[PDB]
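J.: Here is the sequence, then the experimental structure:
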Amino acid sequence: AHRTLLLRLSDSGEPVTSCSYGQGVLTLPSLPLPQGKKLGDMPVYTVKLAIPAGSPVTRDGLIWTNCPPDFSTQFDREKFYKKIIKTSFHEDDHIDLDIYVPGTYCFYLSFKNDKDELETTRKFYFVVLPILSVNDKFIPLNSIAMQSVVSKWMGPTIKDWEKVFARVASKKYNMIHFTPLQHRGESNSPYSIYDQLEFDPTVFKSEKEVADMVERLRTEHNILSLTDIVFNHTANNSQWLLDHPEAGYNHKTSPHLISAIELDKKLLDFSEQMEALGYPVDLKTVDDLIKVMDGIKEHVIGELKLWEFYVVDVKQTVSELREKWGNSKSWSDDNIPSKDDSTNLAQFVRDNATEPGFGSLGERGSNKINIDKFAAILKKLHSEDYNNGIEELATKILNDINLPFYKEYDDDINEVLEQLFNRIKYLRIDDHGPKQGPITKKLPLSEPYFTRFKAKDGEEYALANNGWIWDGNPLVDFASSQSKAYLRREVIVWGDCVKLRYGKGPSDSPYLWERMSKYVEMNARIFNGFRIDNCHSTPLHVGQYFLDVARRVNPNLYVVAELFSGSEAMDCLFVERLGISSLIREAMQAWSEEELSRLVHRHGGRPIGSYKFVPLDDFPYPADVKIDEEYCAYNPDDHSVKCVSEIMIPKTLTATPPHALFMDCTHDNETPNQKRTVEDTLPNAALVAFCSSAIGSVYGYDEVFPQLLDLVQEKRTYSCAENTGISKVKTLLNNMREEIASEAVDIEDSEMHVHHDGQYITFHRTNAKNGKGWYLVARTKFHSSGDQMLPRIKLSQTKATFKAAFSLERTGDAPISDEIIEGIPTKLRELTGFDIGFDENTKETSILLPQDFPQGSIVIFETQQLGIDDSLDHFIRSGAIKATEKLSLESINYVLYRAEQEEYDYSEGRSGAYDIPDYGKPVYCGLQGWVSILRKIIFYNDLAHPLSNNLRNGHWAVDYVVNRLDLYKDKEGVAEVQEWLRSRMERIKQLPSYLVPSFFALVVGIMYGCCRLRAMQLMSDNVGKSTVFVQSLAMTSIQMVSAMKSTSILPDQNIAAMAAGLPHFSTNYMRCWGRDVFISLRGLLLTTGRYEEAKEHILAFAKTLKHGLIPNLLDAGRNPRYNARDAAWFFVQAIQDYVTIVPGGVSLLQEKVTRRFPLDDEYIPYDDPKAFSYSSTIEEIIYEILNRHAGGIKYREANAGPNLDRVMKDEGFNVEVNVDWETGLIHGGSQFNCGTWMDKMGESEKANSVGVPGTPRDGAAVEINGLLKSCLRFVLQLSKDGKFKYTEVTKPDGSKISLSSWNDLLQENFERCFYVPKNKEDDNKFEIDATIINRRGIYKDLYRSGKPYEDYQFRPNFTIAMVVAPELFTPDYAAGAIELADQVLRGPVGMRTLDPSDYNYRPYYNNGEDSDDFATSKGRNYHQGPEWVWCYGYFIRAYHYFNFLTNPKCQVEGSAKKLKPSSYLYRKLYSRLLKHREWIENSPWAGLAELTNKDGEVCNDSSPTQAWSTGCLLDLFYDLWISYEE
């Protein structure tokens, strides 16, 4: 069925973190295969790679992966296969990796660079864990219990062992770990292995014998099995080591050690001779030991040559300077330092006259001088005749060249013997570990740093033996030439074992790799898995090759490791790459009670009532997606990984920290008896067993063996004494974990609380799905340390049950046999007394311990959270999509959005937004307001957040979410969305308080997503099928369109009405604005498919035409304000846009609006019969504009007087407009005016600007003439289709012009008037006064404005013309001018309203500024430098269009030959929208600002979400979509 995880990638191909669980690994959860299917039948998992539309990495991009393409094919690490990324600017691409088998996969991406070169990402890995079963019940990897058993103490026969098996089987472990079962070396330590390729001959003779024993364990006891494996060494006496000595590091393979070798056999030769010389074979004084290493002083150091190994042979160089003085006999460069700089001459020679490998170590005198390039320098520098001063000089230099070599040596030597007088102390005189064995055959003073033998090739050899550096970096190979550890004696050794020298591969030690390869596959055929000592010292390529070999033999190879690399990061890399399935953690390492609870915290699980993940506002919601619609397409037999809700967005694949195997005791640590006490065995083991992880223990721990068994020496056998000490308790713990393991699954489904008081440690373990749990109280016996009483234990909304309790007591000392290892005797007393109070009111359980609860005791309760049952999560995850069945794009506004003020509108000021104490209010009232706060909270599991705090403190926020909708209950679909939220929130309130936040954030999240999905569906495909960014943009449409009480777009009715902005442009007269609506209409209503409500808005304003113009301030069409010269042209572009896009859209032109003013510009009689009095068709309306402008319009604003505008001057109120017919363009306004969009009217009395406009745009304005032109084009071709009756235009006199002449006049004259040529040359035909100029290659802001330099201003507006009337521009000039805009006028998120180089340029806007500045005070700045966002859309729409026409690099081939744009252009486009995607991502309002101060700087007065800021961006995407995606 469904076994698919989503793995989102960044724009740089990197996998994205869904959650913050820590430094981690992309593990996929172990799960049984479905019911009755083997490896192969189907994919085990499918990983969905998701790649962001338009990202750099989509460019000729490929997914690489070493994941085999079906089952038949074998995994090869470096065989990567190719996968093609389907580019689009709109839609993300998804690429499945099907995975047939467990192991270590990876992927990287290749793409073509911004330099047109190839590039390549990091490799990224993910592990697919093995399936363990035993006969045919599945073992969840975290309900593993493993017993480590050392073979050589099990008895010398197989059924002496099968005895041991039967004992652990009773304690109910289900895994055994074997130290290696391989014929062992001279010291018989089971890690120094004699022969890798056959087993211990004491017991076994063939593979078949051991195989049967292990299959027996399986079948008899349900116990899986796994071995140690050793890579790092082999036993100092293997008969193949005589054959192949090169497989270790010898004087041949690794020369550097030669010096260290002759130091090591200068003590196998010193310490038998040592009893003849000097006083101490054994003594334990401290003034004495000086007389020993004063025996090292002279007998070794002194007799080893001052170490010619570093130092150049001074006289036997000079020697060979006289010999061959005569051959290459001078230099003649001036590479020559003189004898002034006695140290720079010194290594000048070092650079130029040396034989290879100078400085480094080798054979004894291997550092030496190239003599005829030495004589050749000396000849130039001093003399050609030797007898003139050369013996002095050559020697002087060479003494100076060895100065740093000598102090290399003194530092070297002091470590050689310090590392020695500190060792032999603790080796003999006991600091903390006794045994002063003097000399022997077998035990000299110092240990064998090398293994000596005569080989079958005949020559002698010295292979070292490995060990570890005290606090060295284990990633460093200390046998390798990088280290000096064998020389300085910085190596704690193992004589048992010998170097294994693998190289960079099989070519570097061929037999070694071959032998280990069929060593590894041998055990793989038998065992379920490996264990790996000191894996941080196995080089990565080595470890990877062999574990991969193993996994081909055994697909389900389980792998454990003791891995303590430098850091958590390198731990995770090793895990990543090697395919390690568990890491070894050690309970016994804790020095203290606090260290232990900390450890138990790490591997315990997640906090109780932790937040659960959901798709929020950061995911796409494909309109075309599958759903579980009552979360019911699951079947428990299928063993499907499950979607977070009804929507099938699949489970995400995120980093998780690598799993653990927690060992209460390993076969290398000291005993409870030793390190703490024996009675500790019981609690220490219980705390560990309560961890949500895998647990294990060595044999002996449970049976309380008194001291750690010496792996090397001991030959006594495990007692057969059954059921001692903890045995009976381990049976309980492991049995309990079996019951558990059946239902917990991934990291979010088991939770924990751990408390440490004194010598107690508490542990509450809880299942997040059903609320069942286990409470462990554990008194600890690190020392006997006095009676301690523990506080009462309070469990909220929980009932609790006694399960079991125990004390474990020492009955004197351990017996002293010499052939049977035996336990300490112990009493295991069952305890009683525990009191369990339940308050039937507060629903609180309290738990009192009894005063007889000695250290070394435990008690276990079963416990059940109230109100949670197994069926809760179905409930919460079902019903939500049907409950949204009836929503509409309007009604979704009420559920998701609604600023406080917009809510006050419906509540008569009573209600507003929920105030989170210590925090504030969400920014919307509906679910977007919660979700915008929740997304980070969930991501960091921040249960400390004020909202989290509030949500468990009380049900208020819970109830607020449900109650608001009473305001909007009657709206389409809101009733049934409310009822879903009611029914779920009801059921949540019945939970334990601390569980409420996680569940509140889940109900909200689920309904949010369902709502956002519903929107995408109701919208048009281009939007319903695109990236997060675009859908984010689109959702804005729903933010802005709302019905209200205090306003509408219709004077008779309240109906949906596009606000200009939230919160401040949402209520009363402040909501609707013609300019705003009709710029934004195509963006937010056409592009999104909101056709019927685009229409309503055009019809609404068409009622309010007057003076042949459209009003900006719309007062629901009840006294609108007509100071808008721009608005009518944006509105008659909106009508074109509508007709162009909407199917059957010409239908609009004969729609009839009751025109509710009179056909003059007559007075204001809102309440007459002459209001409803006469009909206009949109047909007449359009011409009525075009024609009335033509004949001329002159008026003074109705009701003009201070009661509209109380800063506009008397003259300001009469404005007007007509056409210069030598050019055909519209003119209008004055210096007392504000008829454009840039309409800031100045008002500071202290700055002296009251009634001065900041930016009147008097005269010919680029937008309006652009738009006019576009109107004329539109009607002409409409005439040609018989959809427009008119060609007649009357002028002031009475003359007539065809529309098509007016059209052609603009065509012949627009570019002439506005353009400002590059070449001074042609200033005589583009109407220019060069004195007043700023930048050429520009399109003018205005033609013949009041103050001429405002004509020659570089501004973003001309762009609107470029977009709507491209015909007006000779491509090359346009391209050039928009390039200038890109360089000069483009902010990060918004368009610079005035060229920085202008002296008027003030780019910070503050509306309250009181000060005396003429340009800035009280906001006058508004449009002279601040960065506006809608302008950007027009800007980039045009930048797209004209680069596409101009620049050959911006085109490529079509299918069915049509020019589409190149990826070179798409990149440029994409670059310019990152900051917008960033903005709407990371803004509490889920939208784009109206405006920005200089260079991105946030502007506090800017509206945070603006209709046209987002509409204009959408306008871009729609261009691209409707022009290319077919």
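T.: That came through, no problem. Residues are numbered from 1 along each chain as shown.
J.: give the contact list for the nearest residue to residue 1205 once chain neighbours are set aside.
T.: Here the nearest residue to residue 1205 in space, its sequence neighbours aside, is residue 1241; by CB to CB, 6 or more residues apart in numbering that works out to 7.0 Å. Every residue, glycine included, has its C-beta placed from N, CA and C. Taking CB atoms under 8 Å, 6 or more residues apart in numbering as the definition of contact, the neighbours of residue 1241 are 1205, 1207-1208, 1234, 1251-1254.
J.: Can you tell me the SS state at residue 829?
T.: Following DSSP: H, G, I helix; E, B strand; the rest coil, the label given to residue 829 is strand.
J.: which stretch of helix or strand covers the closest residue to it other than its chain neighbours?
T.: If the residues on either side of it in the chain are set aside, residue 829 comes closest to residue 807, at 4.8 Å by CB to CB, 6+ apart. If you go by DSSP states H and E, residue 807 is part of strand 798-810.
J.: for residue 311, same thing?
T.: Going by DSSP H and E, residue 311 is not in any helix or strand.
J.: who touches it in this structure?
T.: Residues near residue 311 by CB under 8 Å, 6+ apart: 367, 402, 405-406, 409.
J.: Please identify, among the residues you listed, the one with the most neighbours.
T.: residue 367 (23 neighbours; other CB atoms under 10 Å).
J.: Residue 1122 versus the residue nearest to residue 1205, what's the distance?
T.: In this view, residue 1241 and residue 1122 are 15 Å apart by CB to CB, to the nearest Å.
J.: hey, which helix is longest across the protein?
T.: helix 390-428 (DSSP state H).
J.: Contact partners for residue 236?
T.: Taking CB under 8 Å, 6+ apart as the contact definition, residue 236 lies against 185-186, 192, 448, 451, 465, 495-498.
J.: Buried among the residues you listed? Make that a PyMOL selection.
T.: Selection of buried members from the contacts of residue 236 for PyMOL, criterion 16 or more other CB atoms under 10 Å:
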select buried, resi 185+192+448+451+465+495+496+497+498
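J.: Using CSV, write down the CA coordinates of stretch 1272-1280.
T.: What follows is stretch 1272-1280 as a C-alpha-only set of coordinates in CSV (Å, rounded to 0.1, in the frame of the first residue of the first chain):
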residue,chain,number,x,y,z
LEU,A,1272,-7.4,52.4,-28.0
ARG,A,1273,-5.8,49.2,-29.3
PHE,A,1274,-8.4,47.2,-27.4
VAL,A,1275,-11.5,49.0,-28.8
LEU,A,1276,-10.1,49.0,-32.4
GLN,A,1277,-9.9,45.2,-32.6
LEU,A,1278,-13.2,45.0,-30.6
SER,A,1279,-14.8,47.2,-33.3
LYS,A,1280,-13.3,44.8,-36.0
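J.: Show me the contact partners of that stretch.
T.: In this structure, residues lying in contact with stretch 1272-1280 by CB under 8 Å, 6+ apart are 1136, 1139, 1146, 1149, 1182-1183, 1186, 1284-1287, 1299-1300, 1302-1303, 1306, 1365, 1367.
J.: In helices, which of those appear?
T.: Secondary structure from DSSP H places 1136, 1139, 1182-1183, 1186, 1299-1300, 1302-1303, 1306 of the contacts of stretch 1272-1280 in helices.
J.: Spatially central residue for the chain, please.
T.: Note on the chain: the residue nearest the mean C-alpha position is residue 17, at 3.3 Å, using CA atoms, centre = their mean.
J.: my read: it touches residue 656, true?
T.: No: look at residue 17 against residue 656 with CB atoms under 8 Å: they stay out of range, at 10.7 Å.
J.: Residue 933: neighbour count?
T.: Look at residue 933: counted by other CB under 10 Å, it has 21 neighbours.
J.: host element of it?
T.: Mapping residue 933 onto the secondary structure by DSSP H and E places it in helix 927-939.
J.: May I see the buried residues of the helix or strand following that helix?
T.: With elements assigned by DSSP H and E, the helix or strand that comes after helix 927-939 is helix 946-953. Buried positions in helix 946-953, judged by neighbour count with 16+ other CB under 10 Å: 946-952.
J.: mind giving me TSV with those residues and columns for distance to residue 898?
T.: Formatted as TSV, the entries for the buried residues of helix 946-953 read as follows, by distance: CB to CB, whole Å:
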residue	distance to residue 898
946	22
947	19
948	24
949	25
950	20
951	21
952	26
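J.: Return the member of these nearest to residue 854.
T.: The shortest separation between residue 854 and any of the buried residues of helix 946-953 is 37.2 Å, and it belongs to residue 952 (by CB to CB).
J.: From residue 943, how far off is the residue lying closest to that closest one once chain neighbours are set aside?
T.: Nearest in space to residue 952, with sequence neighbours left out and distances taken as CB to CB, 6+ apart, is residue 993 at 4.6 Å. With the distance defined as CB to CB, residue 993 ends up 12 Å from residue 943.
J.: Neighbour count: the two, which is higher?
T.: Shown here are residue 993 and residue 943; by other CB under 10 Å, residue 943 has more neighbours (18 against 15).
J.: Who are the contact partners of the more buried one?
T.: With contact set as CB under 8 Å, 6+ apart, residue 943 has these partners: 607, 609-611, 997.
J.: quick one on the thing from earlier: farthest-separated two in the contacts of residue 1241?
T.: Across these, the longest distance by CB to CB is 14.3 Å; it joins 1205 and 1254.
J.: Can you pick out the residue with more neighbours from these two?
T.: In this view residue 1205 and residue 1254 are compared by other CB under 10 Å, and residue 1254 has more residues nearby, 23 against 17.
J.: mind listing what that one touches?
T.: Residues counted as contacts of residue 1254 (CB under 8 Å, 6+ apart) are 1238, 1240-1242, 1415, 1419-1424.
J.: three-state assignment of residue 108?
T.: Assigned by three-state DSSP, the conformation of residue 108 is strand.
J.: measure it to residue 73 for me?
T.: If you measure residue 108 against residue 73 using CB to CB, the figure is 20 Å.
J.: Same drill for those two, tell me which one is more crowded.
T.: It is residue 108, of residue 108 and residue 73, that has more neighbours when counted by other CB under 10 Å, with 16 against 12.
J.: For that one, give me its contacts.
T.: 13, 64, 80, 120-124.
J.: related to what we said a few turns ago, between the contacts of residue 1254, which is nearest residue 387?
T.: For residue 387, the nearest member of the contacts of residue 1254 is residue 1424. The distance, counting by CB to CB, is 88.6 Å.
J.: The spatially closest residue to the closest one that is not a sequence neighbour: neighbouring residues, count only.
T.: For residue 1424, the nearest residue in space outside its immediate sequence neighbours is residue 1394; the separation is 4.4 Å by CB to CB, 6+ apart. By the other CB under 10 Å criterion, the neighbourhood of residue 1394 contains 23 residues.
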